[PDB]
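Novice: Below is the structure I would like to discuss, written out as structure tokens.
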Amino acid sequence: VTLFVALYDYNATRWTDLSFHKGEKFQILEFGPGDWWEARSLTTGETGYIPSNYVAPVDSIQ
Amino acid sequence: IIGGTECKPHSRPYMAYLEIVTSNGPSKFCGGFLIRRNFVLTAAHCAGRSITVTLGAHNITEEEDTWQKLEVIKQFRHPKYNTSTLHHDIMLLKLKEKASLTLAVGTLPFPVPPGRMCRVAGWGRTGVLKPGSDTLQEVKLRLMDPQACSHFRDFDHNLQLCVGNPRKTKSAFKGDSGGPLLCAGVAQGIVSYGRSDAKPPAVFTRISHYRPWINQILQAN
């Protein structure tokens with residue numbers, strides 16, 4: 001319930017945010033507080049905020 | 001800290017190094033500062049599952065007799081913190097035990113016009129593509145008019161300070177979050193966020209706004 005996948009590319013503008021490519025997977029560390037979620041990239045190992053509207057849950061969308 | 005210099009060891013005795021255990025994977029790190037024997041101030045975005053604070057450090061990879069390494073028992077993240085805007089990026093950490101006040105470990109006193117020179121310290125990256133620093137670094141930065149932060153969509157001058165002359169490369173950066181901005185020897189700001197490319201200014205939480213909230217937490221705990 002914490003494994004999510006990027007639907008689009010994203011270039012971070014704040015240093016607290018992750019950049020990512022479409023198809024990149026994440027473990028969500030916190031679903032907020034707000035519309036950006038704290039996540040760890042399973043590609044890079046880095047942690048940061050990602051916009052929640054750019055990701056979808058992996059297990060249910062196959 | 002980009003564009004700064006290594007601190008004289010133990011010359012900034014309020015500085016705290018935070019190691020934060022996350023829900024998944026390895027820990028993250030942040031700065032912070034001791035404000036009471038059992039309270040550390042930092043940024044809200046440094047929260048996690050559990051936090052260990054190291055006080056008395058210079059080189060964070062070299063244990064010394066000055067170290068006091070303490071577990072956090074309670075995280076008091078500002079209740080209006082929001083990840084979209086990063087407003088209210090402030091958190092108080094209650095330590096499991098009180099720190100011993102020594103020459104190497106102490107509290108930072110509290111009491112600000114644009115144009116004045118301030119200082120910030122941390123273990124963060126020393127350039128955009130550089131690793132964090134093992135040693136505590138510090139840099140002198142100019143407090144800017146809020147207009148200098150106009151490109152930050154969610155900047156709010158009542159809540160935040162705009163810090164760092166944009167014509168220089170000097171700045172706080174990744175890993176420095178939570179550290180204090182000192183102007184004339186007293187805490188005025190907390191490192192919050194800035195551009196991914198490290199071009200100043202960066203955005204700092206304006207401590208003065210949060211004094212009532214801090215005081216209520218301190219009085220109750």
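Chain lettering (A, B, ...) mirrors the order of the structure tokens, residue numbering begins at 1 for each chain separately, and ligand numbering begins at 1 in order of display.
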For residue 69 (chain B), work out the shell of residues within 9 Å, counting only C-alpha atoms and skipping chain neighbours fewer than 2 positions away, then give it as a ChimeraX atom specification.
Specialist: /B:52-56,67,71,99
Novice: For chain A against chain B, which residues fall within 6 Å using only C-alpha atoms, given as a PyMOL selection string?
Specialist: chain A and resi 13-15+29+33-36
Novice: Could you give me, as a list in words, the residues within 6 Å of residue 37 (chain A), counting only C-alpha atoms and dropping anything in the same chain fewer than 2 positions from it?
Specialist: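 Residues meeting the cut-off are residues 30, 31, 32, 49 and 50 of chain A.
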Novice: To one decimal place, how far is CA of residue 2 (chain B) from CA of residue 125 (chain B) in Å?
Specialist: 6.9 Å
Novice: Which residues are close to residue 104 (chain B), i.e. within 9 Å by only C-alpha atoms, leaving aside same-chain residues fewer than 5 positions away? Reply as a list in words.
Specialist: residues 9, 10, 11, 12, 13, 14, 55, 56, 57, 66 and 67 of chain B
Novice: What's the separation between CA of residue 184 (chain B) and CA of residue 40 (chain B), in Å to one decimal place?
Specialist: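 About the pair CA of residue 184 (chain B) and CA of residue 40 (chain B): they are 20.6 Å apart.
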Novice: Skip residue 43 (chain A) itself and residues of its chain fewer than 5 positions away, then list as a list in words all residues within 12 Å of it, counting only C-alpha atoms.
Specialist: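 Listing them by chain and then by number gives residues 5, 6, 18, 19, 20, 21, 22, 23, 24, 25, 26 and 27 of chain A.
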Novice: Can you write out the residues you just picked, keeping N, CA, C and O atoms, as a compact mmCIF listing (two decimals), in the first residue's frame?
Specialist:
```
# COMPACT_ATOMS: atom_id res chain seq x y z
N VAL A 5 4.26 4.28 -8.42
CA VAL A 5 5.02 4.42 -9.66
C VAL A 5 4.72 5.78 -10.29
O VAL A 5 3.55 6.23 -10.31
N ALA A 6 5.77 6.43 -10.80
CA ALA A 6 5.64 7.68 -11.55
C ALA A 6 4.95 7.48 -12.90
O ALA A 6 5.35 6.63 -13.71
N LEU A 18 12.19 15.34 -5.00
CA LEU A 18 12.87 14.44 -5.91
C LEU A 18 12.58 14.78 -7.36
O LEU A 18 11.46 15.14 -7.70
N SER A 19 13.58 14.61 -8.22
CA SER A 19 13.34 14.51 -9.65
C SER A 19 13.16 13.03 -9.98
O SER A 19 13.69 12.16 -9.29
N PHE A 20 12.39 12.73 -11.02
CA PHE A 20 12.17 11.34 -11.41
C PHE A 20 11.70 11.20 -12.84
O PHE A 20 11.31 12.16 -13.48
N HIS A 21 11.79 9.96 -13.33
CA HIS A 21 11.29 9.60 -14.65
C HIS A 21 10.05 8.77 -14.54
O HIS A 21 9.86 8.04 -13.57
N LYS A 22 9.20 8.90 -15.55
CA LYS A 22 8.10 7.98 -15.74
C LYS A 22 8.58 6.55 -15.55
O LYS A 22 9.62 6.15 -16.11
N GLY A 23 7.82 5.79 -14.77
CA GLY A 23 8.15 4.39 -14.47
C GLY A 23 8.97 4.16 -13.23
O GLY A 23 9.15 3.01 -12.81
N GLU A 24 9.51 5.23 -12.65
CA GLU A 24 10.29 5.11 -11.43
C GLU A 24 9.36 4.70 -10.28
O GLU A 24 8.25 5.19 -10.19
N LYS A 25 9.81 3.78 -9.44
CA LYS A 25 9.03 3.33 -8.31
C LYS A 25 9.52 3.94 -7.00
O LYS A 25 10.70 4.29 -6.84
N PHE A 26 8.59 4.06 -6.07
CA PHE A 26 8.82 4.69 -4.79
C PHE A 26 8.18 3.92 -3.67
O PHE A 26 7.09 3.37 -3.82
N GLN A 27 8.83 3.93 -2.52
CA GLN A 27 8.17 3.65 -1.25
C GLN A 27 7.75 4.97 -0.62
O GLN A 27 8.57 5.86 -0.44
```
Novice: Would you mind reading off the distance between CA of residue 16 (chain A) and CA of residue 68 (chain B), one decimal, in Å?
Specialist: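 So the two atoms, CA of residue 16 (chain A) and CA of residue 68 (chain B), lie 28.0 Å apart.
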Novice: Give me, as a PyMOL selection string, all polymer residues having an atom no more than 9 Å from residue 1 (chain B), counting only C-alpha atoms and skipping those fewer than 6 positions away in the same chain.
Specialist: chain B and resi 120-127+132-133+136-139+170-176
Novice: Just list as a PDB file with N, CA and C atoms, in the first residue's frame whatever in chain A DSSP marks as strand (DSSP E or B).
Specialist:
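Saved file result.pdb follows:
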```
ATOM      1  N   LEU A   3       3.739   1.155  -2.207  1.00  0.00           N
ATOM      2  CA  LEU A   3       4.548   1.086  -3.453  1.00  0.00           C
ATOM      3  C   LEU A   3       3.853   1.756  -4.634  1.00  0.00           C
ATOM      4  N   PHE A   4       4.469   2.811  -5.134  1.00  0.00           N
ATOM      5  CA  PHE A   4       3.872   3.686  -6.127  1.00  0.00           C
ATOM      6  C   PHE A   4       4.814   3.860  -7.297  1.00  0.00           C
ATOM      7  N   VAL A   5       4.262   4.276  -8.423  1.00  0.00           N
ATOM      8  CA  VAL A   5       5.021   4.419  -9.664  1.00  0.00           C
ATOM      9  C   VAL A   5       4.718   5.783 -10.294  1.00  0.00           C
ATOM     10  N   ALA A   6       5.772   6.427 -10.795  1.00  0.00           N
ATOM     11  CA  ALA A   6       5.636   7.675 -11.552  1.00  0.00           C
ATOM     12  C   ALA A   6       4.951   7.484 -12.903  1.00  0.00           C
ATOM     13  N   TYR A  10       9.441  14.226 -13.956  1.00  0.00           N
ATOM     14  CA  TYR A  10       9.366  15.433 -13.138  1.00  0.00           C
ATOM     15  C   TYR A  10      10.758  15.936 -12.789  1.00  0.00           C
ATOM     16  N   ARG A  14      12.558  22.605  -6.005  1.00  0.00           N
ATOM     17  CA  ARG A  14      12.957  22.825  -4.603  1.00  0.00           C
ATOM     18  C   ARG A  14      13.867  21.697  -4.183  1.00  0.00           C
ATOM     19  N   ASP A  17      12.649  18.271  -2.923  1.00  0.00           N
ATOM     20  CA  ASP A  17      11.845  17.444  -3.821  1.00  0.00           C
ATOM     21  C   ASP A  17      12.737  16.501  -4.621  1.00  0.00           C
ATOM     22  N   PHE A  20      12.395  12.734 -11.019  1.00  0.00           N
ATOM     23  CA  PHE A  20      12.166  11.341 -11.410  1.00  0.00           C
ATOM     24  C   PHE A  20      11.702  11.195 -12.841  1.00  0.00           C
ATOM     25  N   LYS A  25       9.813   3.781  -9.445  1.00  0.00           N
ATOM     26  CA  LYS A  25       9.031   3.330  -8.309  1.00  0.00           C
ATOM     27  C   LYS A  25       9.524   3.941  -7.001  1.00  0.00           C
ATOM     28  N   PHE A  26       8.590   4.063  -6.070  1.00  0.00           N
ATOM     29  CA  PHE A  26       8.819   4.688  -4.790  1.00  0.00           C
ATOM     30  C   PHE A  26       8.176   3.923  -3.666  1.00  0.00           C
ATOM     31  N   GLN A  27       8.831   3.932  -2.518  1.00  0.00           N
ATOM     32  CA  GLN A  27       8.175   3.651  -1.252  1.00  0.00           C
ATOM     33  C   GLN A  27       7.754   4.972  -0.616  1.00  0.00           C
ATOM     34  N   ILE A  28       6.468   5.107  -0.329  1.00  0.00           N
ATOM     35  CA  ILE A  28       5.966   6.312   0.314  1.00  0.00           C
ATOM     36  C   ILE A  28       6.261   6.214   1.805  1.00  0.00           C
ATOM     37  N   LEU A  29       6.909   7.248   2.340  1.00  0.00           N
ATOM     38  CA  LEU A  29       7.282   7.320   3.755  1.00  0.00           C
ATOM     39  C   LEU A  29       6.192   8.046   4.546  1.00  0.00           C
ATOM     40  N   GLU A  30       5.581   9.061   3.939  1.00  0.00           N
ATOM     41  CA  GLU A  30       4.446   9.767   4.548  1.00  0.00           C
ATOM     42  C   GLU A  30       3.584  10.364   3.441  1.00  0.00           C
ATOM     43  N   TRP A  36       1.936  16.853  -1.455  1.00  0.00           N
ATOM     44  CA  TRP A  36       3.242  16.282  -1.757  1.00  0.00           C
ATOM     45  C   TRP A  36       3.546  15.259  -0.708  1.00  0.00           C
ATOM     46  N   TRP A  37       4.022  14.109  -1.150  1.00  0.00           N
ATOM     47  CA  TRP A  37       4.315  12.989  -0.269  1.00  0.00           C
ATOM     48  C   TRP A  37       5.797  12.768  -0.123  1.00  0.00           C
ATOM     49  N   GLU A  38       6.230  12.404   1.079  1.00  0.00           N
ATOM     50  CA  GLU A  38       7.627  12.010   1.279  1.00  0.00           C
ATOM     51  C   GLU A  38       7.801  10.604   0.782  1.00  0.00           C
ATOM     52  N   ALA A  39       8.815  10.416  -0.047  1.00  0.00           N
ATOM     53  CA  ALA A  39       9.029   9.153  -0.719  1.00  0.00           C
ATOM     54  C   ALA A  39      10.507   8.815  -0.850  1.00  0.00           C
ATOM     55  N   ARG A  40      10.796   7.532  -0.971  1.00  0.00           N
ATOM     56  CA  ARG A  40      12.128   7.067  -1.332  1.00  0.00           C
ATOM     57  C   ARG A  40      12.092   6.449  -2.725  1.00  0.00           C
ATOM     58  N   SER A  41      12.948   6.918  -3.632  1.00  0.00           N
ATOM     59  CA  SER A  41      13.051   6.333  -4.974  1.00  0.00           C
ATOM     60  C   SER A  41      13.705   4.957  -4.849  1.00  0.00           C
ATOM     61  N   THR A  47      15.608  10.237  -0.811  1.00  0.00           N
ATOM     62  CA  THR A  47      14.334  10.563  -0.189  1.00  0.00           C
ATOM     63  C   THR A  47      14.014  12.039  -0.441  1.00  0.00           C
ATOM     64  N   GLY A  48      12.737  12.343  -0.622  1.00  0.00           N
ATOM     65  CA  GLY A  48      12.309  13.709  -0.838  1.00  0.00           C
ATOM     66  C   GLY A  48      10.829  13.743  -1.139  1.00  0.00           C
ATOM     67  N   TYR A  49      10.294  14.930  -1.367  1.00  0.00           N
ATOM     68  CA  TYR A  49       8.895  15.093  -1.692  1.00  0.00           C
ATOM     69  C   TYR A  49       8.612  14.862  -3.176  1.00  0.00           C
ATOM     70  N   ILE A  50       7.454  14.274  -3.450  1.00  0.00           N
ATOM     71  CA  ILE A  50       6.978  14.082  -4.807  1.00  0.00           C
ATOM     72  C   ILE A  50       5.512  14.531  -4.858  1.00  0.00           C
ATOM     73  N   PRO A  51       5.082  15.048  -6.003  1.00  0.00           N
ATOM     74  CA  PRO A  51       3.695  15.481  -6.132  1.00  0.00           C
ATOM     75  C   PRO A  51       2.799  14.250  -6.293  1.00  0.00           C
ATOM     76  N   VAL A  55       1.882  10.115  -9.352  1.00  0.00           N
ATOM     77  CA  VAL A  55       2.125   8.702  -9.048  1.00  0.00           C
ATOM     78  C   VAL A  55       0.821   7.918  -8.899  1.00  0.00           C
ATOM     79  N   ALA A  56       0.930   6.600  -9.032  1.00  0.00           N
ATOM     80  CA  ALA A  56      -0.184   5.685  -8.860  1.00  0.00           C
ATOM     81  C   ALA A  56       0.288   4.423  -8.134  1.00  0.00           C
ATOM     82  N   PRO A  57      -0.609   3.744  -7.410  1.00  0.00           N
ATOM     83  CA  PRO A  57      -0.200   2.529  -6.700  1.00  0.00           C
ATOM     84  C   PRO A  57       0.095   1.366  -7.650  1.00  0.00           C
TER      85      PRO A  57
END
```
Novice: I'd like the contact shell of residue 91 (chain B) - 9 Å cut-off, only C-alpha atoms, skipping same-chain residues fewer than 6 positions apart - returned as a ChimeraX atom specification.
Specialist: /B:40-47,75-78,178,214
Novice: Residues of the last selection are to be written out with N, CA and C atoms, as a JSON list (two decimals), in the first residue's frame.
Specialist:
```
[["chain", "number", "residue", "atom", "x", "y", "z"],
["B", 40, "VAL", "N", 15.43, 20.43, 21.07],
["B", 40, "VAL", "CA", 16.13, 20.81, 19.84],
["B", 40, "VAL", "C", 15.09, 21.34, 18.85],
["B", 41, "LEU", "N", 15.42, 22.46, 18.22],
["B", 41, "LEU", "CA", 14.63, 23.00, 17.14],
["B", 41, "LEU", "C", 15.22, 22.57, 15.80],
["B", 42, "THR", "N", 14.35, 22.29, 14.85],
["B", 42, "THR", "CA", 14.75, 21.90, 13.50],
["B", 42, "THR", "C", 13.61, 22.20, 12.53],
["B", 43, "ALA", "N", 13.73, 21.71, 11.30],
["B", 43, "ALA", "CA", 12.69, 21.87, 10.29],
["B", 43, "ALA", "C", 11.72, 20.71, 10.35],
["B", 44, "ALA", "N", 10.45, 20.99, 10.06],
["B", 44, "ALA", "CA", 9.40, 19.99, 10.01],
["B", 44, "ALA", "C", 9.66, 18.89, 8.99],
["B", 45, "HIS", "N", 10.29, 19.24, 7.88],
["B", 45, "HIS", "CA", 10.50, 18.24, 6.84],
["B", 45, "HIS", "C", 11.58, 17.21, 7.18],
["B", 46, "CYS", "N", 12.21, 17.38, 8.34],
["B", 46, "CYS", "CA", 13.18, 16.43, 8.87],
["B", 46, "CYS", "C", 12.54, 15.34, 9.74],
["B", 47, "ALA", "N", 11.22, 15.33, 9.87],
["B", 47, "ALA", "CA", 10.54, 14.34, 10.70],
["B", 47, "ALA", "C", 10.71, 12.94, 10.13],
["B", 75, "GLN", "N", 8.38, 14.12, 18.83],
["B", 75, "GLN", "CA", 8.44, 15.10, 17.74],
["B", 75, "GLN", "C", 7.19, 15.97, 17.80],
["B", 76, "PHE", "N", 7.40, 17.27, 17.92],
["B", 76, "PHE", "CA", 6.32, 18.24, 17.86],
["B", 76, "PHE", "C", 6.45, 19.01, 16.55],
["B", 77, "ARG", "N", 5.89, 18.44, 15.49],
["B", 77, "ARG", "CA", 5.87, 19.07, 14.19],
["B", 77, "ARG", "C", 4.78, 20.14, 14.16],
["B", 78, "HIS", "N", 5.07, 21.30, 13.60],
["B", 78, "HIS", "CA", 4.07, 22.36, 13.60],
["B", 78, "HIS", "C", 2.79, 21.81, 12.98],
["B", 178, "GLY", "N", 17.09, 22.75, 8.98],
["B", 178, "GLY", "CA", 17.00, 22.68, 10.42],
["B", 178, "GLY", "C", 18.00, 23.51, 11.16],
["B", 214, "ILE", "N", 6.33, 27.91, 20.17],
["B", 214, "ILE", "CA", 7.45, 27.28, 20.86],
["B", 214, "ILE", "C", 7.28, 27.34, 22.37]]
```
